Protein chains: 6
Amino acid sequence: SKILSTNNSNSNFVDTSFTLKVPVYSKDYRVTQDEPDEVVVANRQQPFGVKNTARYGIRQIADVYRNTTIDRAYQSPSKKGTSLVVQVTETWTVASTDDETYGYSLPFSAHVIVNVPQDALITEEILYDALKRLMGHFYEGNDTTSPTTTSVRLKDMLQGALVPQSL
Amino acid sequence: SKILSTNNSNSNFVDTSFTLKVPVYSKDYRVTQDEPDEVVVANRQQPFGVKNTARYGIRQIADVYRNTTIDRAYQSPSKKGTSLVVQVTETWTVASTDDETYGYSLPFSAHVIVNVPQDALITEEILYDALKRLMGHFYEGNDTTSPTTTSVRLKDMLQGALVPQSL
Amino acid sequence: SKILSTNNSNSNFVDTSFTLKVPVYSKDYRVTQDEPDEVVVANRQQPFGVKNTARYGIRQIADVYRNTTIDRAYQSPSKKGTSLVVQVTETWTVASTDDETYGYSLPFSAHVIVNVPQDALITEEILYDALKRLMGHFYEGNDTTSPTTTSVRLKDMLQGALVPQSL
Amino acid sequence: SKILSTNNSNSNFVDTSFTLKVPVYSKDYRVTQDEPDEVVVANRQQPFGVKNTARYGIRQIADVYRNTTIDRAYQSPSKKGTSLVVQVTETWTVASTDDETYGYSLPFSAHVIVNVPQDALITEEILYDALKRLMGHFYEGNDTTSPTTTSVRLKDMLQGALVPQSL
Amino acid sequence: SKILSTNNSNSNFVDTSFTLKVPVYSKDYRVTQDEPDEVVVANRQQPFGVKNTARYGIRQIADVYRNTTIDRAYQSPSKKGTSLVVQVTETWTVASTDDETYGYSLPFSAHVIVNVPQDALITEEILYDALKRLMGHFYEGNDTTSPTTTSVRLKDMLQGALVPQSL
Amino acid sequence: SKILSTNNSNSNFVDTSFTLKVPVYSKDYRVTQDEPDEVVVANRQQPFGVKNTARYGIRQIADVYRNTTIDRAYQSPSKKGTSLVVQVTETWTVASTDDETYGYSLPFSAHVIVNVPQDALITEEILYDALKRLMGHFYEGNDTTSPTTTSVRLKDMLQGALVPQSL
Ligand SMILES: [Ca+2]
Ligand SMILES: [Ca+2]
């Protein structure tokens, strides 16, 4: 019997709540692009100025070890991978309570990329928990406190402070 | 007076729990790279075979309106932007309880990229809630049920079913 | 026993109050850049539009006598120096009480450079008192008055009147 | 109606005394150079060996927004600016009470540079208070103590400890 | 399960105390060179004449078996290794009580190199215990006496007595 | 009279315990090579596969000031020095509980080099204290806490975190 380990058992994390607002695609979204490797989905609820779209794509990874330093002797026979991308694009607007003529539009976009080796032992739950570990790096954990606590670092990183405060 | 709207007020969502494992950087992580715009951080807790790193980087965005279908209205403060990347790299290991000889290492990686315009009305909370909307696209929601229900997408997407099954 | 003199004992100065607002770095500032000779520190308290940073750098001076006219016979054996720079960068905003849409941002910057020979006899107090003499040149002293008084010349200098009014 | 803010209202500071020695230019200083944008002034009181000068210069700034991360909003009055420099040059002397033969001269110099945008709402007092904030960075402050306490940085910085010890 | 043995189980030792003076880097040191493979650190508290420095470097070992007597049939699958160097450089001064003009500076340098194979079973504790055994060779052990005793050997080796007394 | 100072009087350290396992050469070792400059010693108690060796060597240093920043006016009259090397070579074995046929041998090597000027004032105790300071750099010191504490740094450095946490 073969067993896969993520080797995160010895890491120190703090749970924190991150409540997702999941779309209702049937109500809100229509399909803009259905190419075999790339789908694009548009938000029908928006006015013409405001563009709200999502993009879901996969690419095949020739050599999953290509940029890693894992010794040849420990590489899987199957070296193929899959690369997933999930992009969301939003259009925000700025206006004034006092002046109905003041306004402009700001474009926001953000995406997630996930590079998964093609191996039978990797499961959907393993990958979601990987995503949870990933998104957890937008915070800093504090086990010093008696109830374990977390603090936000997204603004700090955006401002150029990329090293955590814990170091 | 001045108000920024994300124009999500007419989108239909469903909440779901996504509990993050935030790192205790003080225990686990040390700095491999401290250059001004790119920081690399390594996990002290892994053994020598396993490589566990995180990378935090920013890039300055020249014109946030350039690739977009949005373009800049006359009273916009700036075209400038900032692009943030957060990457996690893990080394998973497959072994066998039958054969001590049999084993290999799988490389996992994933990252998030966020493209924030330079407008002071964008707040740290606005950005985190944007990230929550983003990660929501790894799921599908149902308004219909009395407790709202959410199903998962990550498998179906990685398998090539890139259109939501709700559509 | 060796003695250093600054030779300012024969100069005529007027004390005047110049009350410094010193930062509380722990509360307000995070580190943007930690290069060995150049550190950059950002003000976490500001909104995204407003940039508030400080830069602290040192350069080594090959020949401290390189541009001076001190005779060779009176030069120290050790000709190395240190050059320190302290820059502050602020972003000011202009708005209107009456019109909540009227606004723009102005960039301010200013720095101090201190070129100190590497000599054991120069002390931290000597250098601070040098800085006090330096900043005192933004004023003009008046010993003619019975209580000695000072007047401001920063605007006059900015407007092109670089000679003091006393001459 | 029109108001300029320096956006320091949410920064945390601590006051400290910094008593300036302002020159009595009429007694001590005479003009060596009177060219329109650069004035050099020499200290009459020094003996022939010791050289004590001050230099006052302005340069016109083409685009004050050019090197900055700030850029110009549509209703800004001008891009123009002015850059002021104030330099002091002193000649310190080391002698020995044992040997009449032993002596040398150390050259000290330091200067301040101020980069003021061309907006009429910037006032002479705004600029002086900016200079006070600037010089404050030669210190570290503590909100904690009941009389606020400030420690010094100049030594630690010149020695290469460019990060504040509070951070 | 897999087990590593250092095979020191049956070898005979005598413990002796060797109390390390560990640096407080935050108070005493600054970074001179920040390279990915080689970091250099310097003591900013020393006076100018006395340069106290340290160097921390890693080279990567291609074949850890290259200069060993281990036949291939007994080697691990992975030949990778890393090589660590820790160098310290001090400057001692000799002077006189009776004569202020008499003195000179002596340079001391020393370094440690450690050549660790990349095997997950090698632990940080294993490596430190190896270092303790290494430094034990600067001594000679006697377990025949009622209290186990050790005599120092550094000066003897420096003076050409390289073979232990026991042998 | 003449006095040597290591100038470590004002530097800040934290003591930590490092108990050396000193060899009993008479029981465990034999001499492999007896040269005037290089002695090699081997563990005769190890089984045949496991080679445990040590090497003790001295080179003579022509100019101890060759790669130093000490100007000639500050050098001793004698430039002679000696250079000591102490190398240890071990062979660790990895095997399995479940499988008698599974195993390999890992080579460990490490050495120390010490570069001592020939000055009568350098004592054996001075040199051992220097070695203790050297090995202290494998740790990081914290004297702020109520008991002075130290954390290990060997694995962190091996894994590319070469700059101390404190810096
Ligand atoms: Ca660097
Ligand atoms: Ca003229």
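In this analysis, Cβ positions are derived from the backbone assuming ideal geometry, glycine residues included, and neighbour counts consider all displayed protein chains. All of the numbers you see were taken from the coordinates with simple rules; none came from a lab.
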Rg/Rg_ref, chain C, where Rg_ref = 2.2 N^0.38 Å and atoms are Cα: 1.35
Highest-MSF residue in chain C out of C:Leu154, C:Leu20, C:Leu121 [GNM, Cα springs under 10 Å]: C:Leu20
Copies compared at D:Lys27 - label distances in nm, ascending, label defined 7 Å from Cα in the Cβ direction: 4.1, 4.5, 6.8, 8.3, 8.6
For chain F, built as a Gaussian network whose Cα springs stay under 10 Å, the top-fluctuating residue of F:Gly136, F:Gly57, F:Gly49: F:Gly49
Sum of side-chain charges, B:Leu84 neighbourhood, beta-carbon under 13 Å (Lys, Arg +1; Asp, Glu -1): 0
Net charge of neighbours whose Cβ lies under 13 Å from the Cβ of A:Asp99, counting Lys and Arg as +1 and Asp and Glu as -1: -4
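How about the stretch A:64-165: which GluC sites (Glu not before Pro) there lie in a loop by DSSP and see at most 10 other Cβ atoms within 10 Å?
Hits after loop and neighbour filter: A:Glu100.
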With Cα atoms, 0 to 90° folded angle of helix A:124-135 axis to chain A main axis: 60 degrees
Cβ-defined net charge surrounding C:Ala110, 12 Å radius [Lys, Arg +1; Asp, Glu -1]: +1
Alpha-carbon centroid distance for the pair the stretch E:140-155 / the stretch F:108-167, whole angstrom: 24 Å
Computed helical MRE - 222 nm, chain E, DSSP H runs ≥ 4 contributing -39500 (n - 2.57), nearest 500: -3500 deg cm²/dmol
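Which pairs, out of A:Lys132/B:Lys132; C:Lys21/D:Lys2; A:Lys51/B:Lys132; A:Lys79/B:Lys51; C:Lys51/D:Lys79, put more than 21 Å between their alpha-carbon atoms?
Checking Cα-Cα distances, C:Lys21/D:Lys2 exceed 21 Å.
Output the Kirkwood hydrodynamic radius of the protein assembly as shown, Cα pairs only, in Å rounded to one decimal.
Roughly 33.2 Å, rounded to one decimal.
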Spacing of the two label points (7 Å from each Cα toward its C-beta) at A:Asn10 and D:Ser151, in nm: 3.7 nm
Pairwise centroid distance, computed over Cα atoms, of the stretch B:1-72 with the stretch F:71-102, Å: 43 Å
Sites C:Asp98 and D:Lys80 - FRET efficiency at Förster radius 35 Å, r taken between beta-carbons, to 0.05: 0.85
J(HN,Hα) series, the stretch E:106-112, from Karplus relation 6.51 cos²θ - 1.76 cosθ + 1.60, nearest Hz, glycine and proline x: 9, x, 10, 9, 7, 8, 10
